[PDB]
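Visitor: Any chance you could fold what I've pasted below:
(chains A and B)
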Amino acid sequence: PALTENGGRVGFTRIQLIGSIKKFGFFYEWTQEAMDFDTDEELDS
Amino acid sequence: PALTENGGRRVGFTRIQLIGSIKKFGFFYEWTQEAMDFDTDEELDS
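Guide: Numbers count the residues shown, from 1 in each chain, chains lettered A, B, ... in the order given. And now the structure:
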């Protein structure tokens, strides 16, 4: 920018960042008989 | 019955109806005056 003896007649910008959230999971089943007649006690643990 | 270790699926119950009835019954008899006055017995009415 070279300004002369006289004056007389830049920019700025911003950017946008986008994120997302997702869902996850899992689950399992068991029966009483499986726990009841099983050799190991802390199988639940 | 046979409950497998899975389970999931039964019995029912019923009742029956009894009906009676009321039936009318009766009879009657008649007599004349002369029957009472001119009878050999005087206690026929009784």
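
Visitor: residues near the closest residue to chain B within chain A, how many?
Guide: Nearest residue of chain A to chain B: residue A:33, at 4.0 Å (C-beta to the nearest C-beta). C-beta: built from backbone N, CA, C; applies to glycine. Counted with other C-beta atoms under 10 Å in any protein chain shown, residues neighbouring residue A:33 total 13.

Visitor: Does it touch residue B:3 like I think?
Guide: No: counting by C-beta atoms under 8 Å, residue A:33 stays clear of residue B:3, with 9.7 Å between them.

Visitor: Can you read off the backbone torsions of residue A:27?
Guide: The phi/psi pair for residue A:27 (degrees, to the nearest 10) reads phi -160, psi 160.

Visitor: Show me what from chain A comes close to chain B.
Guide: Residues of chain A lying close to chain B (C-beta under 8 Å from any C-beta of the partner chain) are A:31, A:33, A:34.
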